[PDB]
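Protein chains in written order, with the entry's author numbering: chain A, 1 to 489; chain A', 1 to 489; chain B, 2 to 7; chain B', 2 to 7. A prime marks a further copy of an entry chain. For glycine and all other residues, C-beta sits at the position ideal for the given N, C-alpha and C. Let me begin by presenting the structure, written as structure tokens, before commenting on it.
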Amino acid sequence: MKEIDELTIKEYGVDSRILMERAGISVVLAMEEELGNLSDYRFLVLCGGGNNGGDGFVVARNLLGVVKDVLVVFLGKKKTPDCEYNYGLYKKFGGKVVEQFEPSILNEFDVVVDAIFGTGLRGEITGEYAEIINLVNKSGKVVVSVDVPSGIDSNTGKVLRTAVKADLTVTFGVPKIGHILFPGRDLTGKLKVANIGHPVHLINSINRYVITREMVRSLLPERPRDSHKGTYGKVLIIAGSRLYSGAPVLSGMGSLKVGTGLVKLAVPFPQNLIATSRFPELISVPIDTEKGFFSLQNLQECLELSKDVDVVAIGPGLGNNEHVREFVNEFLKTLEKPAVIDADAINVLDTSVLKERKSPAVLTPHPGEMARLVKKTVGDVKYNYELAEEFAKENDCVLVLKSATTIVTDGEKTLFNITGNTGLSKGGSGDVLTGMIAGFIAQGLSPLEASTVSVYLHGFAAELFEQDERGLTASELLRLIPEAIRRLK
Amino acid sequence: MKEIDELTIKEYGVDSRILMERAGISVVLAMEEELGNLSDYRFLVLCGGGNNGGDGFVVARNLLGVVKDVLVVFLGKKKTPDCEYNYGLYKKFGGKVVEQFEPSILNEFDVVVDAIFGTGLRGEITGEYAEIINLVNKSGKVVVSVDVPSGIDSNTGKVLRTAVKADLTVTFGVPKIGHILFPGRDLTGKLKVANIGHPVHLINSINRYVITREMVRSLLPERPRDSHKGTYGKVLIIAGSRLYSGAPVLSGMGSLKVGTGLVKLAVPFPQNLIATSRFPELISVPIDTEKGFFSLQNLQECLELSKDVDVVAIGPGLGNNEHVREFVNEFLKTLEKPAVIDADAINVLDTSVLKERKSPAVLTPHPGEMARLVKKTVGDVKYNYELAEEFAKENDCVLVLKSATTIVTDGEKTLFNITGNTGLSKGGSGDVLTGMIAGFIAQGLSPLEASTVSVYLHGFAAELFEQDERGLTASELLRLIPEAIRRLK
Amino acid sequence: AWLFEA
Amino acid sequence: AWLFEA
Ligand SMILES: CC(C)(COP(=O)(O)OP(=O)(O)OC[C@H]1O[C@@H](n2cnc3c(N)ncnc32)[C@H](O)[C@@H]1OP(=O)(O)O)[C@@H](O)C(=O)NCCC(=O)NCCS
Ligand SMILES: CC(C)(COP(=O)(O)OP(=O)(O)OC[C@H]1O[C@@H](n2cnc3c(N)ncnc32)[C@H](O)[C@@H]1OP(=O)(O)O)[C@@H](O)C(=O)NCCC(=O)NCCS
Ligand SMILES: CC(C)(COP(=O)(O)OP(=O)(O)OC[C@H]1O[C@@H](n2cnc3c(N)ncnc32)[C@H](O)[C@@H]1OP(=O)(O)O)[C@@H](O)C(=O)NCCC(=O)NCCS
Ligand SMILES: CC(C)(COP(=O)(O)OP(=O)(O)OC[C@H]1O[C@@H](n2cnc3c(N)ncnc32)[C@H](O)[C@@H]1OP(=O)(O)O)[C@@H](O)C(=O)NCCC(=O)NCCS
Ligand SMILES: [K+]
Ligand SMILES: [K+]
């Protein structure tokens, strides 16, 4: 968007002052939408010397004569030209500016407008900026942040030593990565994205996206009336072990609940019988194993089972030992079908295999699994969308990096999912999503499309749970999938 | 407001381009508020070469990429600098402009945005501008006018040969006289007044006002609990004749229904008995007249009746003959109380008397009565607020010039009333308003305040009638006054 | 009412 | 939605 503002001024010829005026009035309107009538409130506007501060002076000026009181505290040592222009207007209109933040000043105001730093912040916040931000956060006032809460790195969502906790953030043109990834997402509060007059073509030239309800609705496959089960695809799920007998069942029902026609599971005997006792609509093939885990002796049978399906999911509950590792890698190297690779299949995966496959794959790691896959620390991979993009491009796959905000990428397009809640931070949730992705691929969506629709619907289903989210289990999530689909439509 | 825009740019330093951008975005938001989601509509924007047209280019540009279709027809031979600037932006953003209005083009659009002429129009519209405006008015499309419907004289509300009939008019800063007086008021449709960033001090330096609910609520007098009838004033109404026996009754009840403490009527016997048969709370004093009309022989009695009141109303139903003329003028010259002068008292009034009175007066003519009073034609006085102001200043009075839009002025402040409906175009309505004004003066409001509150409440009462307005009568209006007061509070 | 008087 | 995506 730094690019976007510059082209809009330099190539399109929109005066920088017009963009700044539109930015500020949009904050005023946003506030009115959340607070109702503004005339009873007293506003403290905290302005930096940059263009975020300039936007703050526009806000402040537009409140003059209309609200109970407005004061600007200017916290800068110099002003960008647009900030200087809007400072001068604020003062010409009769506005009061002070240059020293006295901690008790907070007592006399209802709303704090945070226009200290925007996307221009670089480096840790120190000194008196930090003391001020901390005082605002302890004040209990309503906080409205201009563009991004001050102290959030707009490219990453990390806190730069400290940051404002906003009730309402008003950003311009498009959301920033820092609104979408945590901790930034938490500090943003309610986000409104304001149209401030950039050409719609430039706004739409962005290559990273938030997954929206309208996007998912347009990707949901068609259900032709004259269909039969094969119309809706066939999935094989290779999953489970004597240790982990539940995973197959959750993956399988995840495929069925999204509309897949036929789902079969290959599960070590007698753990395969667990699935049909719970959901007799599943096909749960018994696999004769030596000690309760898949091994190379099961390679040929699993390849034969794969011949008559559209997609294969592998990994949930397989276990991780050397014999599973041999099986997984040899299977994936030979399988000429799309694969969804999760859990223990990721843990044992040789990435060389991904490079040599002709068929597509989707990988669904959490950050612990991603860290192991690229031999890095969890902190180095968590919310690292550039790493994810590089990995997907280098390995010719779709990568679905699960977290509260889920990143989906094929290395060219990257999508961020914000549906869900903490009830999904519980064993079994990932197994459901794996089945969902395979099911949608089986119905004819591309690996990327299937991943996009699935992460959104999985999170939206969680949110439809009727009692406290901490009590949500994967079994209940399964029941909520068709409701999420209905509500989406 | 020509003044207002210039000071805002030249003294306050707001770039003219910023004001024009704010004007245009305000039209977009106004449209969304009335049409809902704009994305399904096709917009035809008609732009002149002036700043109204410039505002139109801002509207058009802001719709690009967001609605079904936008086309501008540019109808000018040259462009003001701001219009030229916004034309260039419109084109840079990919907007289509044609310079010839083909009559069938209307078929392909849902909404016409009228940005041809604003407050800059001078003189009759001829030629192809007129043909275009007439085609828009025959088209049945939704019409949104920028600032004022093109063809209305913004200072007077007259049609300059022809004018656009708008469904929605969006004006900037303040309403214009042309929105408020007819025929302009009719052609405006629904009016929204947008804040486009003028300093609130300049907006409030205007000396003419629309009478609003908030103004009337703040002027309504207090009702202290420990009161008695005298707290709320005493009114004498000198009214009626053998020809016109109903007028006194309507005036008297008009005073009582607005909260006046005591109302007495002086009416020629036996017509005085009509009043108490209908409303026995009135005092209706019998006056012994020679032939059924007040004359000089009743002067002394009426002066004695005036000693114990706060205000005297005179005129409704008196009749107009030489003996009434002698009485009225001698009475008013001698009466040292505020007077409300209506109807036949206006018809016989010698304005020299107004100049020589020490006490205040309010006059309540309709345009026929005003025309007779200043010896002009009805067309010369109707909606002539400058004449009204001159008359009030020269005669030291408040003038209430009744019409669908009522003008109230003391020569320094002028207020326009827009409440009411056509049920008030019926005999008896004016007699009620006279009593209302006297009553409010008796309660302690200034002549100007009393006139302001009364015209608003009188019109608002009419609008509360539950059946078709053409069936409203003065008797029913009386019943609705206390409801208007309640609703106002 | 910040933007419009109606 | 002309002004805001929420
Ligand atoms: C203009 C833009 C290209 C980036 O620069 P910017 O907007 O001026 O940047 P900000 O207002 O966020 O902040 C800049 C100021 O932050 C402060 N700053 C940055 N890091 C800091 C640090 N860690 N410690 C203290 N101060 C710091 C400084 O005051 C800095 O200027 P300085 O380093 O010369 O002193 C653009 O991305 C932007 O933020 N504008 C967004 C769009 C907008 O606001 N709409 C229209 C108006 S142009
Ligand atoms: C399943 C079992 C292996 C536990 O493993 P697990 O918690 O699922 O471990 P995972 O590979 O899935 O990785 C979890 C890690 O990923 C990372 N992680 C996952 N999601 C994350 C996210 N959103 N953000 C940050 N970190 C995340 C964390 O480091 C997490 O560690 P933590 O749980 O300590 O915080 C174990 O309980 C079991 O079922 N069998 C026991 C068998 C055994 O080993 N011993 C007996 C022999 S039979
Ligand atoms: C600028 C202002 C001082 C008055 O001038 P203006 O706005 O340019 O005037 P308009 O757009 O209404 O119209 C001017 C044009 O109307 C047309 N015109 C006027 N009378 C005409 C006639 N009867 N026949 C044909 N054309 C006529 C002309 O095209 C004229 O320019 P021209 O005579 O040189 O050809 C101001 O009062 C105004 O209309 N702006 C309102 C505020 C606003 O729009 N907000 C901010 C933007 S500045
Ligand atoms: C009352 C009586 C005099 C009729 O008069 P009226 O209609 O009330 O006349 P007004 O002085 O009030 O003036 C009305 C004129 O004012 C003007 N007028 C009033 N309000 C107006 C407005 N809002 N806009 C424009 N014009 C307006 C019009 O010219 C109107 O004329 P119109 O009714 O022909 O359109 C008559 O019917 C009567 O009651 N008595 C008859 C006695 C008589 O003269 N002859 C018999 C002898 S006893
Ligand atoms: K900020
Ligand atoms: K217009």
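| query | result |
| --- | --- |
| Tell me the rounded alpha-carbon separation between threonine 405/A and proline 175/A. | 14 Å |
| For the region 27-58 of chain A, enumerate the residues whose C-beta is nearer than 9 Å to any C-beta of chain B, in chain order. | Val28, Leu29, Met31, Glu32, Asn37, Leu38 and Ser39 |
| Is the beta carbon of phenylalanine 172/A' less than 7 Å from the beta carbon of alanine 23/A'? | yes |
| Below 7 Å between beta carbons: does that hold for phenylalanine 43/A' and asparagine 86/A'? | no |
| Over the uninterrupted alpha helix (DSSP H) stretch that includes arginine 372/A, give me the two end residues. | 367-374 |
| Just to make sure I have the definition right: I need the residues of chain A whose C-beta is within less than 9 Å of the C-beta of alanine 7/B. Which are they? | In chain order: nothing, as chain A lies at least about 14 Å away. |
| In chain B, what lies closer than 8 Å to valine 453/A by C-beta? | The contacting residues do not exist; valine 453/A stays about 39 Å from chain B at best. |
| Run down chain A in chain order and give the residues with a C-beta less than 8 Å from the C-beta of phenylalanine 93/A'. | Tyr12 and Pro199 |
| Within this structure, are the beta carbons of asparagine 272/A' and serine 284/A' separated by less than 7 Å? | yes |
| Among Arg208/A, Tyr41/A and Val59/A, whose alpha-carbon lies nearest the alpha-carbon of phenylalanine 416/A? | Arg208/A |
| Anything in chain B within Cβ reach of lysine 192/A', meaning under 8 Å, just list it in chain order. | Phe5, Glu6 and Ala7 |
| Whole-angstrom Cβ separation of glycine 189/A and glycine 157/A, contact assumed at under 8 Å? | Wrong, their Cβ atoms sit about 14 Å apart, outside the cutoff. |
| From the DSSP output, in three-state form, read off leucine 472/A for me. | coil |
| For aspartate 114/A', verify whether its CB is less than 6 Å away from any heavy atom of ligand 6. | yes |
| Can you list, in chain order, every residue whose CB sits closer than 5 Å to a heavy atom of ligand 2? | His366/A, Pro367/A, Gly368/A, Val378/A and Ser403/A |
| Are there three or more Cβ pairs, one per stretch, closer than 8 Å when the region 45-60 of chain A' is compared with the region 69-82 of chain A'? | yes |
| Since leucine 478/A contacts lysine 257/A with CB under 8 Å, what's their CB separation in whole angstroms? | 6 Å |
| Give the secondary structure of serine 145/A by DSSP, where H, G and I count as helix, E and B as strand, and everything else as coil. | strand |
| If you scan the region 87-153 of chain A' from start to end, which runs of the alpha helix (DSSP H) of 4 or more residues do you find wholly inside it? | 127-138 |
| Can you tell me which residues form a DSSP beta bridge with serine 284/A'? | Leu265/A' |
| Using the C-alpha atoms, what's the distance from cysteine 397/A' back to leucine 448/A'? | 9 Å |
| Closest Cβ-Cβ distance between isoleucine 211/A and chain A': below 7 Å? | no |
| Got a sec, what are the start and stop residues for the alpha helix (DSSP H) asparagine 155/A sits in? | It is not in any alpha helix (DSSP H) - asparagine 155/A carries neither H nor E in the DSSP assignment. |
| Considering only the beta carbon of each residue, do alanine 239/A and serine 251/A sit closer than 7 Å? | yes |
| Quick one: Cα of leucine 121/A' to Cα of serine 241/A', how far? | 51 Å |
| Does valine 73/A come out as helix, strand or coil in the three-state DSSP assignment? | strand |
| To be precise: take each residue of the region 407-440 of chain A, compare its Cβ to all Cβ atoms of chain B', and keep it if any distance is under 9 Å. Which residues remain? | none |
| Can the beta-carbon of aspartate 186/A be found closer than 7 Å to that of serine 150/A? | no |
| Thinking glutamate 124/A' and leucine 160/A' are a contact (beta carbons under 8 Å), I'd like their distance in whole angstroms, please. | 5 Å |
| Taking all protein chains shown into account, decide if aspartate 410/A' is buried (16 or more other Cβ within 10 angstroms of its Cβ) or exposed. | buried |
| Counting only C-beta atoms, is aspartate 15/A closer than 7 Å to chain A' at any point? | yes |
| Using only the alpha-carbon positions, how far apart do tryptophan 3/B and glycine 95/A' sit? | 30 Å |
| Assuming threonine 377/A is part of the beta strand (DSSP E), what are its boundary residues? | Run containing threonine 377/A: none; DSSP gives neither H nor E here. |
| Is there contact between the region 461-480 of chain A and the region 289-298 of chain A, where contact requires at least three CB pairs shorter than 8 Å? | no |
| Going along chain B' in order, which residues have a C-beta closer than 7 Å to the C-beta of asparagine 195/A? | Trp3 and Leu4 |
| Is it buried or exposed for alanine 7/B, if we count other Cβ within 10 angstroms and need 16 for buried? | exposed |
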